[PDB]
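A.B. asks:
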Amino acid sequence: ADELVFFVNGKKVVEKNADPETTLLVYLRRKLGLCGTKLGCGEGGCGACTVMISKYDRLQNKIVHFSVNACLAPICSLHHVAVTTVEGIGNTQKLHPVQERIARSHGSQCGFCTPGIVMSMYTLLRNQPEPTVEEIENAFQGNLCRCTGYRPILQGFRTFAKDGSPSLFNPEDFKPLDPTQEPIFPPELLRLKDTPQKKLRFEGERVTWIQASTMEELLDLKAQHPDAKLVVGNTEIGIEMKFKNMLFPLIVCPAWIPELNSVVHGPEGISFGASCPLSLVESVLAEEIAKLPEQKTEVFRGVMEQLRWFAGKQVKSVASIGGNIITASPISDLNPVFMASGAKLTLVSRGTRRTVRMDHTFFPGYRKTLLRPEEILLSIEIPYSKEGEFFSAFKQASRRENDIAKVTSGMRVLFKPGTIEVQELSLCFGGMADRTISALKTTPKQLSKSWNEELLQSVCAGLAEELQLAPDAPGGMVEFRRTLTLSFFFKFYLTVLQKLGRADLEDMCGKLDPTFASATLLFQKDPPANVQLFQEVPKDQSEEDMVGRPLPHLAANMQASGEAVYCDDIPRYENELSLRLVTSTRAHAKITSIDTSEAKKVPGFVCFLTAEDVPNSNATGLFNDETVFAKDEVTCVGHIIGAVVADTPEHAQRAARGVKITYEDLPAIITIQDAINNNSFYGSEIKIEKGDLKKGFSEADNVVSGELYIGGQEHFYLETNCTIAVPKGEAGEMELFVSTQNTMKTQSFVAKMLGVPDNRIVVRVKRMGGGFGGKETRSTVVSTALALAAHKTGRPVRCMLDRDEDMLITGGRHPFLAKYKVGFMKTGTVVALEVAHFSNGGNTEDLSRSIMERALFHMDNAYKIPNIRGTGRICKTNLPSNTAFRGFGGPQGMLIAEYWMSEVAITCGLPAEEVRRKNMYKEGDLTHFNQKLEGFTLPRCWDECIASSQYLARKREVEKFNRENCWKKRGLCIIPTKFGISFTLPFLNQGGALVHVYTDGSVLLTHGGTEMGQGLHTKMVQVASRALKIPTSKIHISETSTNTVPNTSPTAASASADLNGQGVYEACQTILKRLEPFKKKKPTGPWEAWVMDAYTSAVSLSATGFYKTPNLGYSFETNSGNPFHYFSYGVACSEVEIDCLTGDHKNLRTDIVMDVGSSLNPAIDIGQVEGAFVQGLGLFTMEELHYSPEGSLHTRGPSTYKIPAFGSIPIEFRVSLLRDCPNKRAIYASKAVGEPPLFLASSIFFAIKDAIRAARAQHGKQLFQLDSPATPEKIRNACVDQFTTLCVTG
Ligand SMILES: Cc1cc2nc3c(=O)[nH]c(=O)nc-3n(C[C@H](O)[C@H](O)[C@H](O)COP(=O)(O)OP(=O)(O)OC[C@H]3O[C@@H](n4cnc5c(N)ncnc54)[C@H](O)[C@@H]3O)c2cc1C
Ligand code: FES
Ligand code: FES
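Using my numbering, the final residue of the sequence shown is 1341, and nothing's skipped along the way.
Here's what the structure looks like:
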């Protein structure tokens, strides 16, 4: 009646008090303690929560398997299914092939996404034990990885496909797959399939769930309670409940009802039950497309095209067709298609049944349909196309707001038979209004007309008038969206001409020029082809000496098995409490009142912490200008005001909603331009200048000025910020488990806030699911709050941020505005450069000044400039404080450099590769800050990359492509980089290690570095194993702790292997020195005997080690002293193809040559080049944050913030590590690698810029603007043509 019964990894679970609000993810993690399955977003975008469901399909009489997002799956929908998690398929004692292959192929860095990807791949193999390469890629459309750049995951998994320097891994050593050895379908569920299913009722704290067994039950419940909210896949309702704080006290799930799941062929088309998952629609229509003649399947193919780039497998397996229709989002991709095809909907209640052909009337208002409150949608008939009936579907792949302002379209034409004269014409659009619309003013005009140029121009003129948007229209991108509607129609117009041509008419139609053909092609991925080149170690190097060898990340197997422990995977103490932050909804305001009266009514509520609860100091942050908790004034949307403490996260979340703040607004400073004209800055102008600007400009042949805007970036570490604080009840003692790159500042900020000495506070980091600089300082806003809750209650307290919280609160990369003026000769030789930089720092200083320093240190990028002036000013604004992000001001400084350089080349009429080459530093040159460039490997990186990329021959093919294609264009660009290695604050260039050798010969090592997926622990073990001359297997690193190594620098500035490697090395030398006498006396006898002899001789088997980078210290005052220990160098050539009509593009090929000295670990270093490059690809081409005019972040999750996906990476992706370039002054001649490759993705940006120019010359001013990121909006709008001109002005 009442019991919930399902299986998890083959074990029966009986839940007697199922709460309808409980997700499967919460149940697995908090009820069953299976923490392999992760929380990444709670929104269905990221796949970190992916698990497999197995059930008996009654309607097909078979056992089916499908993946779902556990974060959105109500347990109440899972009666009598079997769940399989990552723990179900294998472990480190016996890894599944999927697990083994992702680990051994270097497909797991931080490891947080690994379980989810493993389960997506696993599920594919249960459905198709021999998939194509294409099926394998498609399996991950719902899986995001922030670290790997995807290449190693696809390459490792490519071994499962039927259609498949040393090597980074060996596929021959992989255990083969035996599909027979997968776990049995629970026989109990096969026995129960025979029992008839009856109605179930679950009653939660707030919500009642009725699982209906028949159409009669459902319609009865809706007739007596029209308020009953239907839930099917929960992919929309789940979001409304979790993120829009909507509550539906009565839910009915009709997913079991056969009539809602049926597929019926009829004379007019195929009828699908409303609750049919989109994956079933997809599989049914695909069989129909393959079997039926083309003339019948035009609408089917439009549906399939919309479903191609539509969430992943996890969403489509449970997302219902009916759910999509009734949600009635303005940006549904299906509703425009159903509307344009006039699909027939059947609506029923108790005692009524009606039919409506979908038209403009079906959607009368925002998120409304014409259903009555007691009706449900039974079914939708997707029609066969008739003879002379054509359909195209189109969509903007670039989303900015939750549910508006993304163009998506269905388009249909019916011709009078035998003719090219229009009988019917339907053009329907999402993203152009608060509902799906039809262009009903434009289409009637076209009836009778022939399908020709006069129709094209009439429809375009019509759409430009009818689809008007106010310049402040919701969702922005007004010109782009308008342009897309015409551009989509043009594609349809041309596509119809093609189809017409194929039909052998009496009246001849109009032929496409070959240069227009590529305009109608549907997206097609060619076969991936990846190359990784590195250097073999010397032949005489011991097999036990792993330095320079591609040893897998030490945790890779455990990460793939879901056994690796991240903060929130740590079990709860029974007395443990949960914290939830309460943040400002205003950019700048006084707090006038706080009312907690509603918070207090929430079960399990404990307290609301505010400034007045802070024992000692409310002043925190790097430069002591931040509140722990807001006092009288809030200074950004996201400013932490206080913290709810309750028994559970859900109770904390409800209580936080019941904290009402009243505000009195104050003048806000939001943008860089706001800050400039209010003189609102963090300290004074920073400046570097050399030579004589006046003389430089006055002697140049040409001068070019301009401006550039570069948007910021969210880290999107797949593990959000998380802290557990455990008060020990003695002497103010507290222990914190933190996802942080900075144990020292965590400890120090907690101690100061509480007013206790540092020696009472321990911060422990096992690993992070990613960091990328966003946990270098901003993690402490969570730590501090949670430390306070722990102190006040005397109980352990935990807080893991949800994605929307984390993105809003913790800031990101700094946006930059630059104004430049460059003076150059006709040869392209730069003689003068002046750059004013402005950064948007937000509402605390944090690292903003150091970041501006690093931009200024790299404003030269690779180029010697005799006369040069750079200034930087950091803007103070009412925004979340921006912080460190991999590159730390470098990529911003360097993009500006490459931007005016691109204009230098164009202005001169000279090849860009030549202009860059002749301006490049040479060995021994001084930089603008007077540091000498020794071991200047950049020229070799360049020469190698030119040859290996075949750049000159590929330039010719690009030019050829461009002459042959009017509406697609290609671009090709090769970009170098210099990146300075060391913290800009000299004393931070220090590190420590501590080593123990126990009496069994095993070694326990620790150092100040934190693991966040970069393989630092792996490297340090490799180092320790060489230093001590024992195998890696005898050495273990458990974690990083302030009570084993104190006063550590943050894990940052790419320098952690350098600093800690030396520390580790020194501690090992100390141990060796002490073992030397025992070695001498038994030079053969083994390690273990030396150690036991040392012990029983009372010799210390414990040592510290320490290192400081020598001889650093720059003065801005005298422009002297070396800020860097050395420089990293690299070069990337990238090629793109843009679609001039949509602003979409493909990354066709990227070739990278990177100097990492003699790599400690080429697998890991190649991993880092690829990951860094792909994060840069994101910065420069996708990844736009949007803010309201009043400074509220609107982009708070993967629905609206698009980080690179599996499908985003360069189709051919080649990486080489430079041979024979030892770097004497770092550990074992290695170089740092983490940050330097990031900027090389600018090569995709400038290739796009080259493509845009070619498009502009096709129709038909030379230095056009391309801001960063170069999104579809910016690319399309810059591709000026008849459509952009019409939309901007008749
Ligand atoms: C990560 C992600 C990506 C997505 N991407 C896209 C995309 O690219 N394009 C796109 O168009 N959509 C997209 N969606 C939306 C998705 O297609 C819809 O959420 C889904 O189809 C809703 O189906 P459901 O069964 O999950 O509905 P639920 O969330 O269970 O219900 C949705 C609504 O429909 C009502 N309802 C459901 N069935 C019936 C019925 N038979 N009769 C009457 N009312 C009913 C419910 O009461 C509810 O109001 C995305 C969703 C997610 C989570
Ligand atoms: S946590 Fe479920 S999709 Fe991201
Ligand atoms: S390894 Fe994939 S998110 Fe870090």
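No residue lacks a Cβ here, since even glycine has one placed at the ideal position from N, Cα and C.
Are three or more beta carbon pairs between the segment 296-303 and the segment 268-281 nearer than 8 Å?
C.D. replies: Under the 8 Å Cβ criterion, the segment 296-303 counts as touching the segment 268-281, having at least three qualifying pairs.
A.B. asks: What's the call for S1319, buried or exposed, on a 16-neighbour Cβ count within 10 Å?
C.D. replies: In the sequence shown, residue 1319 corresponds to position 1268, counting from 1. Buried, because 16 or more other Cβ atoms sit within 10 Å of the Cβ of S1319.
A.B. asks: Does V582 pass the burial test, meaning 16 or more other C-beta atoms within 10 Å, or should it be called exposed?
C.D. replies: Taking the first residue of the sequence shown as 1, we reach residue 582 at position 531. Exposed, since its Cβ has fewer than 16 Cβ neighbours within 10 Å.
A.B. asks: Which full runs of the beta strand (DSSP E) of 3+ residues lie inside the segment 182-216, going along the chain?
C.D. replies: none
A.B. asks: With respect to 6 Å, is the separation between the Cβ of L90 and the closest non-hydrogen atom of ligand 2 below this value?
C.D. replies: Your numbering for residue 90 matches position 39 in the sequence shown. Yes.
A.B. asks: Give me the Cα-Cα distance between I1122 and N1274, rounded to the nearest whole angstrom.
C.D. replies: Within the sequence shown, the letter at position 1071 stands for residue 1122. Within the sequence shown, the letter at position 1223 stands for residue 1274. Each residue's alpha carbon lies about 26 Å from the other.
A.B. asks: Jot down the residue ranges of each uninterrupted beta strand (DSSP E) in the segment 838-902, minimum 3 residues, whole runs only, in chain order.
C.D. replies: 848-851, 867-875 and 881-891
A.B. asks: Hey, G1227 and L1289: beta-carbon distance below 7 Å or not?
C.D. replies: Within the sequence shown, the letter at position 1176 stands for residue 1227. Within the sequence shown, the letter at position 1238 stands for residue 1289. In this structure, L1289 lies closer than 7 Å to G1227 by Cβ.
A.B. asks: Please classify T459: does DSSP put it in a helix, a strand, or coil?
C.D. replies: As a position in the sequence shown, residue 459 is number 408, starting the count at 1. The answer is strand: DSSP assigns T459 an E or B state.
A.B. asks: Given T534, which residues of its chain have a CB within under 8 Å of its CB, disregarding the five upstream and five downstream residues?
C.D. replies: The residue labelled residue 534 in the question sits at position 483 within the sequence shown. Contacts found: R1327, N1328, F1334, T1335 and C1338.
A.B. asks: In chain order, what residues of the same chain lie with their CB nearer than 7 Å to the CB of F543, ignoring the 5 residues before and after it?
C.D. replies: As a first step, residue 543 is located in the sequence shown; it is residue number 492 there, counting from the start. For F543, where only same-chain residues beyond five positions count, the Cβ hits under 7 Å are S443 and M462.
A.B. asks: I'd like the list of long-range same chain contacts for residue 19, defined as Cβ closer than 7 Å, with 5 residues on each side in sequence excluded.
C.D. replies: Coverage of the chain is limited to positions 52 through 1341, which leaves residue 19 absent and any answer about it impossible.
A.B. asks: State yes or no: is the C-beta of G613 nearer than 6 Å to some heavy atom of ligand 1?
C.D. replies: By one-based count along the sequence shown, residue 613 stands at place 562. No, the beta carbon of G613 sits no closer than 6 Å to any heavy atom of ligand 1.
A.B. asks: Please name the residue, chosen from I1215, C1017 and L977, that lies closest to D1332 on a Cα-to-Cα basis.
C.D. replies: In the sequence shown, residue 1332 corresponds to position 1281, counting from 1. Nearest C-alpha to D1332 among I1215, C1017 and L977: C1017.
A.B. asks: If you follow the beta strand (DSSP E) that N120 is in, where does it begin and where does it stop?
C.D. replies: Start at 1 with the first residue of the sequence shown, and residue 120 comes out as number 69. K113 to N120 is the extent of the beta strand (DSSP E) around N120.
A.B. asks: For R1265, which residues from the same chain have a beta carbon less than 6 Å from its beta carbon, with the 5 sequence-adjacent residues on both sides left out?
C.D. replies: Here residue 1265 refers to the residue found at position 1214 when the sequence shown is read from its first residue. Result list for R1265: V582 and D1202, in chain order.
A.B. asks: With distances taken between CB atoms, is the gap from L630 to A840 smaller than 7 Å?
C.D. replies: For the purposes of this step, residue 630 is taken as the residue at position 579 of the sequence shown. For the purposes of this step, residue 840 is taken as the residue at position 789 of the sequence shown. Closer than 7 Å, so yes.
A.B. asks: Could you name the residues of the same chain whose beta carbon sits closer than 7 Å to that of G200, not counting the 5 residues immediately before and after it, in chain order?
C.D. replies: The residue given as residue 200 occupies position 149 in the sequence shown. So the qualifying residues of the chain are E1221, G1222, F1224, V1225 and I1260.
A.B. asks: Does the segment 1099-1108 come within contact of the segment 1131-1143, defined as at least 3 CB pairs closer than 8 Å?
C.D. replies: no
A.B. asks: I believe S1294 touches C992 by the beta-carbon criterion, under 8 Å. Please report the beta-carbon distance rounded to the nearest angstrom.
C.D. replies: Taking the first residue of the sequence shown as position 1, residue 1294 is located at position 1243. Taking the first residue of the sequence shown as position 1, residue 992 is located at position 941. The pair is not a contact, with the Cβ atoms about 13 Å apart (cut-off 8 Å).
A.B. asks: Going by DSSP in three states, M795 sits in which element: helix, strand or coil?
C.D. replies: By 1-based counting over the sequence shown, the position of residue 795 is 744. Helix, per DSSP.
A.B. asks: Below 8 Å on the Cβ atoms is my contact criterion, and I expect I925 with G892 to pass it. Report the Cβ-Cβ distance as a whole number of Å.
C.D. replies: Along the sequence shown, one-based indexing puts residue 925 at 874. Along the sequence shown, one-based indexing puts residue 892 at 841. Yes, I925 and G892 are in contact; Cβ-Cβ is about 5 Å, under 8 Å.
A.B. asks: Need the endpoints of the alpha helix (DSSP H) that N1198 sits in, please.
C.D. replies: If you number the sequence shown from 1, residue 1198 lands on position 1147. Here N1198 belongs to no alpha helix (DSSP H); instead the beta strand (DSSP E) covers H1196 to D1206.
A.B. asks: What is the DSSP secondary structure of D809, counted as helix, strand or coil?
C.D. replies: In the sequence shown, the residue the question calls residue 809 occupies position 758. Correct three-state label for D809: helix.
A.B. asks: On the three-state DSSP scale, how would you describe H1058?
C.D. replies: One-based indexing of the sequence shown puts residue 1058 at position 1007. Annotated three-state conformation of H1058 is strand, per DSSP.
A.B. asks: Does the beta-carbon of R109 have 16 or more other beta-carbons within 10 angstroms, so that it is buried, or is it exposed?
C.D. replies: The sequence position of residue 109 within the sequence shown is 58, counting from 1. By the neighbour-count rule (16 or more Cβ atoms within 10 Å), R109 is not buried but exposed.
A.B. asks: Taking the alpha carbon of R829 as the reference point, which residue from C773, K803 and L787 has its own alpha carbon closest?
C.D. replies: Start at 1 with the first residue of the sequence shown, and residue 829 comes out as number 778. Comparing Cα-Cα distances from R829 to each of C773, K803 and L787, the minimum goes to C773.
A.B. asks: Sorry if obvious, but does the Cβ on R815 come closer than 6 Å to a heavy atom of ligand 3?
C.D. replies: Along the sequence shown, read from residue 1 onward, the residue named residue 815 stands at position 764. Not under cutoff, so the answer is no.
A.B. asks: According to DSSP, simplified to helix, strand and coil, what is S1153?
C.D. replies: Stepping through the sequence shown from its first residue, residue 1153 is reached at position 1102. Here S1153 sits in strand by DSSP.
A.B. asks: For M903 and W951, what's the separation of their Cα atoms in angstroms?
C.D. replies: Position 852 of the sequence shown, counted from the first residue, corresponds to residue 903. Position 900 of the sequence shown, counted from the first residue, corresponds to residue 951. Going from the Cα of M903 to the Cα of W951 covers about 19 Å.
A.B. asks: Output the distance between the C-alpha atoms of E954 and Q1041, rounded to the nearest integer angstrom.
C.D. replies: Taking the sequence shown and counting its residues from 1, the one referred to as residue 954 is at position 903. Taking the sequence shown and counting its residues from 1, the one referred to as residue 1041 is at position 990. Looking at the two C-alpha atoms, the distance is approximately 41 Å.
A.B. asks: Would you check whether ligand 3 has a heavy atom nearer than 6 Å to the C-beta of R209?
C.D. replies: Here residue 209 corresponds to residue number 158 of the sequence shown, with the count starting at 1. Flag unset: Cβ of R209 not near ligand 3.
A.B. asks: Going by DSSP, what residue range makes up the beta strand (DSSP E) through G921?
C.D. replies: By 1-based counting over the sequence shown, the position of residue 921 is 870. First-last of the beta strand (DSSP E) with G921: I919 to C926.
A.B. asks: Do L769 and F191 count as a contact pair if the criterion is CB distance below 7 Å?
C.D. replies: As a position in the sequence shown, residue 191 is number 140, starting the count at 1. As a position in the sequence shown, residue 769 is number 718, starting the count at 1. For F191 and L769, no; Cβs fall outside 7 Å.
A.B. asks: Please find out if some non-hydrogen atom of ligand 3 comes closer than 6 Å to the beta-carbon of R937.
C.D. replies: Counting from 1 along the sequence shown, the entry for residue 937 is found at position 886. Not under cutoff, so the answer is no.
A.B. asks: Nearest to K342 by alpha carbon, out of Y435, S383, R920 and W360?
C.D. replies: By 1-based counting over the sequence shown, the position of residue 342 is 291. When each option's Cα is compared against that of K342, the closest is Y435.
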